[PDB]
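Taken together, the values in this text are just the output of simple stated rules run on the coordinates, not laboratory data. As a convention, Cβ positions derive from the backbone with ideal geometry for all residues, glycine included, and neighbour counts pool all protein chains shown.
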């Protein structure tokens, strides 16, 4: 019976269950910008942990597509001490002109979930690896390939 | 079963297990100075014993490297009656401009221990030998060639604050027999005032193949 939980476990899987307002105003996918609140619909904040146990702030942005009905765009950002850095999806089908990569969410007629990122699993790029991230997160000594 | 632990044992091996703050402020390796608390991060104190049993105050200074992430610098000082004299490592890869020699500690991505002093064992220079120490410790009659081996195989760097989890040494002081007990294995153990649980010995057991043929003496 150990007296210490001496193994900081990095965040690997995140489950999110949300309800989106069907009557929300439509937004332009190409005008998305996390720095301007009016570009998107909603934003949520949460905490994630690296291998060393450092706390990072994960902000998820939800945008309601205007071109396609019952379609939503989701983007993620990471806020370390240096600043707020966007996080790109590995194969997300949502490319802003700046370069941010999100994923699309579609729903059926009854409001249930239809598809996520064209049926592909949602896996983000490495947080602190410059080889795959255009804005690498400052892991401050943690694992860059999380 | 001696009534005294009549052998003051000098400290030779010190096992220290600490958790270092990953979020601690960085410091300049070249600006380290044990007289200025702000130059380093944390300082811990402990007691050590020489050959003759004199008690000495051992202070360890931990510094967070700024140039290299997940790197720490460790320095040791000995405070006798004369003053506080820094202690140098034989092969430590941390040389301040003043001349004090420490050792470096590195950690992996998960915060576990990666390497210690470039993979070399931590052995300090002789405390009271001027031929190897620029600040010889005043042994006051004790053995000047006393050396300390530091075992930090359980050191970690996590998000938790600085913490001295474990401290174990091999030193001893003079003491008196306090209690004696016997375990199931037959080892007769006795604890003294110093705290060492010295095992006096075991109880011999004899078995013969055919017990019916033993000749019967008196008593």
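For the pair residue B:204/residue B:28, report the inter-label distance in nm, with labels modelled 7 Å from Cα in the Cβ direction.
7.0 nm
Take the alpha carbon atoms of region B:1-55, find their center, do the same for region A:1-32, and report the distance between the two centers in whole angstrom.
About 45 Å separates the Cα centre of region B:1-55 from the one of region A:1-32.
Roughly speaking, what is the centre-to-centre gap between region A:80-146 and region B:142-182 when only Cα atoms are used, to the nearest Å?
Centre-to-centre distance over Cα atoms comes out at 49 Å.
Calculate the translational D of region B:148-195 in whole µm² s⁻¹ from Stokes-Einstein, where the hydrodynamic radius comes from the Kirkwood formula applied to all Cα pairs, the temperature is 10 °C and the viscosity 1.306 mPa s.
On the way: Rh = 14.6 Å.
Once the numbers are plugged in, D ends up at 108 µm²/s.
Take residue B:91 and residue A:90, extend 7 Å from each Cα along the Cα→Cβ direction, and tell me the distance between the two endpoints in nm.
Output for this residue pair reads 4.3 nm.
Any idea what the relative contact order of chain A is, in percent, if you count C-alpha pairs under 8 Å spaced at least 6 apart? Mind showing how you got there, number by number?
Numbers: 279 pairs, mean separation 24.7, N = 146.
The value is 17 percent.
Along its three principal axes, how long is region B:1-100 when you only count alpha carbons? Whole Å, largest extent first please.
56, 29, 24
Set the Förster radius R0 to 56 Å, insert the Cβ-Cβ distance between residue B:211 and residue A:5 as r into 1/(1 + (r/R0)^6), and round the FRET efficiency to 0.05. Working shown, then result.
Details: r = 56 Å, r/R0 = 1.01.
About 0.50, to the nearest 0.05.
Could you list the residues of region A:114-139 with an amide nitrogen less than 17 Å from a label point located 7 Å from the Cα of residue A:46 in the Cα-to-C-beta direction?
A:116-117, A:121-125, A:127
Once the piece of chain linking residue B:178 and residue B:145 is laid out straight, how much longer is it, given 0.36 nm per residue of separation minus the C-alpha distance between them?
Net length gain for the segment: 8.6 nm.
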